[PDB]
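> quick one: experimental structure and sequence below.
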Amino acid sequence: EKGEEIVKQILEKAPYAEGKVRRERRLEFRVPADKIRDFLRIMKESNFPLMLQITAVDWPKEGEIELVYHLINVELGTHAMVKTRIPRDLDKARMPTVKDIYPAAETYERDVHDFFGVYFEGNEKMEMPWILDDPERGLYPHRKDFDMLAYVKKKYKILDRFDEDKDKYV
Amino acid sequence: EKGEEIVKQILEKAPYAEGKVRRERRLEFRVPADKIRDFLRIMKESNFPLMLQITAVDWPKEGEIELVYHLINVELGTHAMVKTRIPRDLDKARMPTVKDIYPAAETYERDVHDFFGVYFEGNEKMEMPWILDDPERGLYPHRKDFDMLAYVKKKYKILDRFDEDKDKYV
Amino acid sequence: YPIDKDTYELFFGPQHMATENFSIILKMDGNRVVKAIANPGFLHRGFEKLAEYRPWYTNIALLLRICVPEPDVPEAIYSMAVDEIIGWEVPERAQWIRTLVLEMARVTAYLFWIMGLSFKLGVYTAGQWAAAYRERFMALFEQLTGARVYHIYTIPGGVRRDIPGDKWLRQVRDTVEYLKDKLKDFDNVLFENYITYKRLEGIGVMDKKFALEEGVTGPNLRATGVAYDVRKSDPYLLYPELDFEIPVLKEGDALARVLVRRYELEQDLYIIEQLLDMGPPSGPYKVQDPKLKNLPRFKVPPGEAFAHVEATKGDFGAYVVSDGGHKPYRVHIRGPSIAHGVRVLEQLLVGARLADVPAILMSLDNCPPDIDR
Amino acid sequence: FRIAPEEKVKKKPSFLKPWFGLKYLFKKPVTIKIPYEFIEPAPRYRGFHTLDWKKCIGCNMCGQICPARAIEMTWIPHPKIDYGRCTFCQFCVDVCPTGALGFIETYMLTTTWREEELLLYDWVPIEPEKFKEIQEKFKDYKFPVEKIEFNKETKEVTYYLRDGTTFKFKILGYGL
Ligand code: SF4
Ligand code: SF4
């Protein structure tokens, strides 16, 4: 109930913020892509200081890396899931970095940039070898264009010291 | 010229910001009333840290205290004049205070509230006797509903120790 | 029954001779300060609802008294603003005259700030010398325009009285060369002794992020790391053909904000020496003959204008709006010291000792006629 | 842009260097002994008013540019300037069309608490023969009216000058 009042207070301060309240405290809503940067500090200054991992799912059918952003409360205990939808090409993989408002996203953006796709403009720790050294940095292994068991075969010739065929699935 | 590029960069980050560039560096524009609070930190974070006096003109014909807000630059030298238009009744004299972004408006709002009209919600130094002690606080002497020379007569009986009539105008 | 029992509230009211005319109520803790709020407005003449009733030309003489130490910087900003809404053609001679009086009033205000600092820092000799050498600048202004202070000079177009001639322009060369030889005897009394340097060291530490966003516009945030001089950034009068050099420090304690004003005095006196060897060419002192007559009935076309100009304490602006008649609809004179010794002073006295409440009060050049307006 | 020092302005404190402020123990002290060494003020110092009674047309052009609203008009239609509310800004000089409102260097004017000496501040200014009260009568630079005898119902003010004419005239009516 109280989350409905909280999201009603948020919707007064923002128009493009269609808030669905799950079970009691799972306040999930989607925003457009290049509007969250002028929006996440509305969410910071209202009641949600702490930011969890910038987890980003992929979709090959509709090409878009839906970067959902996890926020959390400290006075009530709820957990926002504000999410965007940015295009899927590496040319169009652009997203403005949230470092001026959250120092939590100094390191979350490094993992989501080194794992798959997205490039964040106004940050300094970008080409640093954070994780996945060469030759794993040269291709992004956490999207759906990279399939396992055809790169592992090109990296290791045999997957069984023993016999017949323990390298397929199912 | 460079101010036109600066205001073009500002208009990318804000829609309701119709920017007119005077002589070289007098970038003046009007915004709606209850939208500057989500706007003045766009102007702060871009290039304009320092805020001068919140000067507010009055208009009795169209009832609105046009609170113009003076901003300034430090790297180029320009001076913004972002202005609103809030209604004129003391019931409707409401304006959200800019203290979370500017500590410059901790004291400018005290003078503009004690002089005429406007009441600022989220501030603590409001009913403090800043200036104009009793019985001058009980009526706002800087609007156009307060006329001189009919309050001065009710406060001081004679204005000339000498002769005939040195208390009128023109 | 005394309901605090812990913190005695001495407060420097008007009759104190350290603060000029603004009372700072200090919640003292033994010998430190734990809460320093100020009550300004012992001098509130009013200029918003008081300068709205006079015509456009005669609103000079009423507007001089918004800042007492500089009796030319308040008129030369309103004269710059009514210059803009009408759009005159102020000639080279009027521009040069207004330039030189805007810089000689600035060295007068620096000399007055030195004398005001030394009257509360104990040492009287740097006070008596500073007032003595301000008096010959006053007696040099008196040849030009009128009285000592509040010389109603710069009407909205041009000036009112031109130079007398070689009796005057040779005299300014004499007093400027004299005071440039004299200034090396101010250092040994005010800026070279190991008392003052040990008295103003580390008191009122102003941060770098604490000056630019606070309301500070003067030369005192320039002692903190800030590159902003309104004479250098946007030159207005005959400034671009001067080539002076501005001081910037990375410090921000109180004596950093005093040495910068001393160096500003040195380079401003070098400006007045550099401006004089140019010399003014010919031209009129007024601007135009036909659009000035019937001096009360002076209908200005509507609009608005902002101007702002360097002062001894703070780059302080004017705001004129014209309804379209012979009345300024609202002339706002932003005082330099509104958030420059009222709000930034509150977070500067917290922790400071009682001996450095007056010295901090003068290390920002607090002038009480600017908070009120 | 054109930052002057790197540490050039900041100087070194010093023990016994203030003794160079002790140099003026023997030079001539720079003061003026005012009783009685006079100063001789500027040739165009702004002072008091010297209306000419033969060029004044009573058009009240000065009335509307006085910033302090003291140039109110009388009849026999000349103005009386009171220095109660006057800032000596001399906007009443270069706005008077005919030229019948001058200003001469006279500023010293001290009156006491009694009302009979305070009627001294209501003077219709006299002709520029008052310049023969600035020179040729003991050049003291003081207000040469020095007492005023108003009289109710017989309104005939008397500027009892320094030794000259008593300058009687009647005043009836004010304003326009
Ligand atoms: S002397 Fe100055 S203030 Fe007095 S009436 Fe004349 S112009 Fe006005
Ligand atoms: S001095 Fe000038 S304005 Fe005053 S009454 Fe005489 S003519 Fe008129």
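Yes, it's here. Numbers count the residues shown, from 1 in each chain, chains lettered A, B, ... in the order given. Ligands and ions are numbered 1, 2, ... in the order given.
> state the next helix or strand along the chain beyond the longest helix belonging to chain A.
Longest among the helix segments of chain A by residue count, using DSSP state H, is helix A:2-12. Next helix or strand after helix A:2-12 toward the C-terminus (DSSP states H and E): strand A:18-20.
> which elements pack onto that next one?
Using 3 or more CB pairs under 8 Å, 6 or more residues apart in numbering or on different chains; DSSP states H and E as the contact test, the elements touching strand A:18-20 are helix A:2-12, strand A:28-30. Every C-beta, even on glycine, is put in place using the N, C-alpha and C of the backbone.
> give me the number of residues near residue 25?
Here I'm looking at chain A. 16 (other CB atoms under 10 Å in any protein chain shown).
> not quite, I wanted chain D
Considering only other CB under 10 Å, residue D:25 is surrounded by 5 other residues.
> repeat that for the one 5 residues further on.
For residue D:30, the neighbour count with other CB under 10 Å is 12.
> looking at the helices and strands packed on strand A:18-20, which is buried most?
Looking across the helices and strands packed on strand A:18-20 with neighbours counted as mean count of other CB atoms under 10 Å in any protein chain shown, the highest average goes to strand A:28-30: a mean of 17.
> quick one: contacts of that strand?
When contacts are defined by CB atoms under 8 Å, 6 or more residues apart in numbering or on different chains, strand A:28-30 is touched by residues A:7, A:17, A:18, A:19, A:20, A:22, A:80, A:81, A:82, A:83, A:84, A:85.
> A helix includes residue C:20, no?
No. According to DSSP: H, G, I helix; E, B strand; the rest coil, residue C:20 belongs to no helix; its state is coil.
> might you report the residue contacts of it?
When contacts are taken as CB under 8 Å, 6+ apart, residue C:20 is in contact with C:116, C:366, C:367, C:368.
> most neighbours among the residues you listed, which one?
Using other CB under 10 Å as the contact criterion, the top neighbour count among the contacts of residue C:20 goes to residue C:367, which has 29 neighbours.
> can you give me the strands for the chain?
Using chain A here. Taking DSSP state E to define them, one finds strands in chain A at A:18-20, A:28-30, A:51-57, A:64-71, A:81-83, A:86-87, A:94-95, A:119-120.
> my bad, the chain I had in mind was chain C
Using DSSP E, the strands assigned to chain C run over residues C:11-12, C:23-29, C:32-39, C:303-309, C:316-322, C:328-333.
> for those strands, which one sits closest to residue D:52?
Evaluated over these, closeness to residue D:52 peaks at strand C:328-333, with 33.1 Å, by CB to CB.
> does chain D have contacts with the closest one?
No. Under the criterion of CB under 8 Å from any CB of the partner chain, chain D is not reached by strand C:328-333; the shortest gap measures 12.7 Å.
> quick one on the thing from earlier: which of the contacts of strand A:28-30 come close to ligand 1?
Taking CB under 6 Å from any ligand atom as the test, ligand 1 is in contact with none of those.
> between these, which sits nearest residue C:137?
Of all the contacts of strand A:28-30, residue A:17 has the smallest distance to residue C:137: 63.5 Å, by CB to CB.
> what about residue 13, how many neighbours?
Here I'm looking at chain A. 14.
> my question was about chain D, not that one.
Under the criterion other CB under 10 Å, the count of neighbours that residue D:13 has is 15.
> which residues are in contact with the residue lying closest to residue C:50 once chain neighbours are set aside?
With CB to CB, 6 or more residues apart in numbering or on different chains as the criterion, residue C:50 has its nearest non-adjacent residue at 7.4 Å, and that residue is residue C:62. With contacts defined as CB under 8 Å, 6+ apart, residue C:62 is in contact with C:47, C:50, C:51, C:54, D:67, D:68, D:87.
> next one: residue C:5 from ligand 1, what distance?
55 Å (CB to the nearest ligand atom, to the nearest Å).
> also residue C:110?
Shown here: residue C:110 relative to ligand 1, a distance of 30 Å by CB to the nearest ligand atom.
> skipping its backbone neighbours, what lies nearest that residue in space?
Take residue C:110 and drop its neighbours on the chain: the residue closest to it by CB to CB, 6+ apart is residue C:265, 4.6 Å away.
> burial count for that neighbour?
Taking other CB under 10 Å as the criterion, the count of residues near residue C:265 is 21.
> residues contacting it?
Counting by CB under 8 Å, 6+ apart, the residues that residue C:265 touches are C:107, C:110, C:111, C:114, C:183.
> who's in contact with the last one?
When you say that, I think you mean residue C:183. Applying CB under 8 Å, 6+ apart, the residues contacting residue C:183 are C:265, C:266, C:269.
> tell me how far it lies from ligand 2.
Spatial separation of residue C:183 from ligand 2 under the definition CB to the nearest ligand atom is 47 Å.
> residue C:199 now?
Where ligand 2 is concerned, residue C:199 sits at a distance of 57 Å (CB to the nearest ligand atom).
> so residue A:139 sits against residue A:146, correct?
Yes. Under the contact definition of CB atoms under 8 Å, residue A:139 touches residue A:146, with a separation of 6.3 Å.
> tell me the spacing between residue C:297 and chain D.
Taking CB to the nearest CB, to the nearest Å as the criterion, residue C:297 is separated from chain D by 8 Å.
> show me how far stretch D:15-28 is from its chain's centre.
Using CA atoms, centre = their mean, to the nearest Å, we find the averaged C-alpha position of stretch D:15-28 to lie 40 Å away from the chain's own average C-alpha position.
> quick check: closest non-adjacent residue to residue 109.
As the question left the chain open, I've gone with chain A. residue A:120 (4.9 Å).
> right idea, wrong chain: chain D
Nearest non-adjacent residue to residue D:109, counting by CB to CB, 6+ apart: residue D:143, 4.1 Å away.
> what about the strands in chain D?
Listed in chain order, the strands of chain D (DSSP E) span residues D:48-49, D:103-104, D:156-158, D:168-170.
> what residues are up against residue C:283?
So residue C:283 contacts C:91, C:92, C:93, C:94 (CB under 8 Å, 6+ apart).
> and those residues as CSV, adding neighbour count and distance to ligand 1?
Output for those, formatted as CSV (neighbours: other CB atoms under 10 Å in any protein chain shown; distance: CB to the nearest ligand atom, whole Å):
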residue, neighbour count, distance to ligand 1
C:91, 20, 25
C:92, 13, 29
C:93, 19, 25
C:94, 25, 21
